[PDB]
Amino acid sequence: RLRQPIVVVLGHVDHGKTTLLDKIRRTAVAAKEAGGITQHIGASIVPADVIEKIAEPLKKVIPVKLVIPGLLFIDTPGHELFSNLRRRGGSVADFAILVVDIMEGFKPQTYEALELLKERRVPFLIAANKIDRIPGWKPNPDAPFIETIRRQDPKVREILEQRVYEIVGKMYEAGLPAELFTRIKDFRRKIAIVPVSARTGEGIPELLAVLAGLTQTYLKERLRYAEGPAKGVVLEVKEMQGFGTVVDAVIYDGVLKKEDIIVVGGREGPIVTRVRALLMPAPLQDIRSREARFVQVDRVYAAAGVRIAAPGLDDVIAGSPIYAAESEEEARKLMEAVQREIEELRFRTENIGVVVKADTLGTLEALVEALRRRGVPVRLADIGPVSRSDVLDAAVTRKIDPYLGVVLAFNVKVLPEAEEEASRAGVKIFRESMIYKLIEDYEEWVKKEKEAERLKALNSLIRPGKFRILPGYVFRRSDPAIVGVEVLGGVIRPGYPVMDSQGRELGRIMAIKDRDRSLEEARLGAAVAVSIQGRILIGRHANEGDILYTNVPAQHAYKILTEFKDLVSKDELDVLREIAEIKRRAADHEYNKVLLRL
């Protein structure tokens, strides 16, 4: 027999994940029928008969005969939750809905979702949400998409088609063929796009029918229920009045019972305890449920969202496995299974790599997997605040490869000891609370650090520079000449030889100064005071308003154009072209040879 597919909801903030979950629940509850729907902790069921009923208006186009008993929707949406809905080597979710706001299209978290989905090989569909916000939309509440779209004005349907294509485009670009669900023949070959309104209920019938069809067709083996002790995962650890520290878990195989011995992953190792109570929300029909109310149950079966009361759960961490054990002997075996699972996620090595700290097992796993996907070695991965030890581990890495010698801290504090050491060691600590942002911030830094290293090689050379002596800013006429200039292109640095617009040598830059400070460099648009050491006498060899150039050696011009061409500014290249031409007209020997060479 089959059990319920477990469905998770992803997508960018405010694209409507929460509204969509709530609308699905309400629609199910309204569609039921006679007796209420079985209530779960952190999750809502849509039974088989309710889906078939909701699907009835589709009878002609998309029929639905169900062999799954229903769908379990996880009621906490988003990507941290999804990452904590985990088991060894994969997800506990069986299907995802990726919500995209049809009016906005893909946003940064939409790409995060796609990565998380391929990484853990979770199948999905796209819910193109907020269709009711299309200008001129005339809602038909709760109606199938296929019916309401035919009751819109031609311009409204045009916009919808345009906005769906925006999604289609991004998907093909990402390597994932996707189409409006109506146009798909082979649902193995193409991801379904279902336009919906979490607000009006439009398209909810096809959403559910497509979910049901895709899960029952392709996931039969994964969905098979085997009788035996519970396997599950902990999503949340918290206080509950009258029960102490409880865990909220999803059971994905077997049966969990009151009095069962459980083994659950904790900060200090596998915890062995015994279930005192299994809590579920009270039935909604019950008159005492106006009060937010819980009832104890004897048992729950996969798939279930359940709250577990048992002593000693304080040290549990989100994303930990939880197993029922039939005997002490079985619990001892399960302790080793748990510890081996936890060691894959929390580890330390002598490898040259980044230091990863996070707050839950799920996000720690997803962070490590994202780095691995990109080829970034990971020295250690663990739970909790960034400590002095973490910084010193990244310092070991830093000495070998500075681009890897960092701490990536996901939603954890950094201790003052660690702040102090990072400063002394030159180790950067990255702090963020969204995974893609942590990763992007690190990658961006790496790009800029690598660019800085190339620029060192370029600054071995006298670079192209062009600047005008400002009328009214001659501070000193000679020995050294000191003049206000505007940089018209390229760059000037202390030590650069300079020449006039005819290529005659005037001297060399002794100093470049702001109104505030001495500068190592000045670039396009800078107005600075340049001290020039040499024979230069202002009024004689150059005048106010005259344009001066750096005297780039021929060999240096060659290397800029053949090794650093992509790195210098367009304006820097413009100036080198001016310089090469000044040199050409002067009949400069070495420039003539380098230009022929080029």
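Residue numbers run from 1 along the displayed sequence.
Trainee: Would you tell me which stretch averages the higher CA B-factor in the PDB entry, 225-233 or 197-205?
Mentor: Between 225-233 and 197-205, it is 225-233.
Trainee: Between 525-533 and 563-571, which has the higher average C-alpha B-factor in the PDB entry?
Mentor: Looking at the record's C-alpha B-factors, the answer is 563-571.
Trainee: Based on what the PDB entry reports, which of 146, 457, 251, 125 has the top C-alpha B-factor?
Mentor: In the PDB entry, the greatest C-alpha B-factor among 146, 457, 251, 125 is found at 457.
Trainee: By the CA temperature factor listed in this entry, which of these ranks top: 189, 133, 257, 150?
Mentor: Top of the list by C-alpha B-factor: 189.
Trainee: Going by the CA temperature factor in the PDB record, which third of the chain does residue 40 belong to: lowest, middle or highest?
Mentor: For residue 40, whose C-alpha B-factor we compare with every modelled residue in the chain, the answer is the lowest third.
Trainee: Please place residue 339 in the lowest, middle or highest third of its chain by C-alpha B factor as given in the entry.
Mentor: Middle third, going by the recorded CA B-factors of the chain.
Trainee: Could you place residue 90 in the lowest, middle or highest third of its chain by Cα temperature factor, using the values in the record?
Mentor: Tercile = highest for this residue's CA B-factor.
Trainee: Ordered by C-alpha B-factor within the chain, which third holds residue 163? Give me lowest, middle or highest, please.
Mentor: For residue 163, the deposited C-alpha B-factor lands in the middle third.
Trainee: When the deposited Cα B-factors of this chain's modelled residues are ordered and cut into thirds, is residue 357 in the lowest, the middle or the highest one?
Mentor: According to the entry, residue 357 has a C-alpha B-factor in the chain's lowest third.
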